[PDB]
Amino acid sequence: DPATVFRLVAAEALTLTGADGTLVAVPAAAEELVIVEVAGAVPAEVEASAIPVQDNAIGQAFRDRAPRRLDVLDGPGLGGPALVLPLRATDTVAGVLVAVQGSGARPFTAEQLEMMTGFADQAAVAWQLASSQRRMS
């Protein structure tokens, strides 16, 4: 199941960043994303949460395909710094990976943003491959 890629993405991103939590939001043009995977300090109960595409950093990344570091991200963020990482495949964004810190954590560095951008690119390739393997079966 390609969706299983997203579980691994959330888990590996937690490990690589050491952030309090992670989440992956995926389209169910889309008007909404759905949180299919959470890890760390993001409560399990947040899974299946619907996020609007418009008017927030996560939905914006889904549209503009621009990796971004933030000093503050509120719900579904934890109030502190975040990395917003679109999972950019060739003609489609598979979803958005978000690494989240609680308030008063140090901001993410440019190097961390660069590292996780490459991770997020590699992740979308993995997902695009899984999607294609499924489609021809």
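So that there is no doubt, residue numbering starts at 1 and follows the sequence shown.
Using none, 1 to 3, 4 to 9 or 10 or more, say how many deposited residues go missing between residue 28 and residue 29. In the record, 4 to 9 residues between residue 28 and residue 29 lack coordinates.
With reference to the PDB entry, specify whether the mean Cα temperature factor is higher for 111-119 or for 125-133. It is 125-133.
Looking only at CA atoms, which has the higher mean B factor in the entry: 93-101 or 46-54? Per the PDB entry, the higher value belongs to 46-54.
Maximum C-alpha temperature factor per the entry, among 79, 59, 86, 40, belongs to which one? In this record, 79 carries the highest C-alpha B-factor of the candidates.
B-factor third for the C-alpha atom of residue 72 within its chain: Highest third, going by the recorded CA B-factors of the chain.
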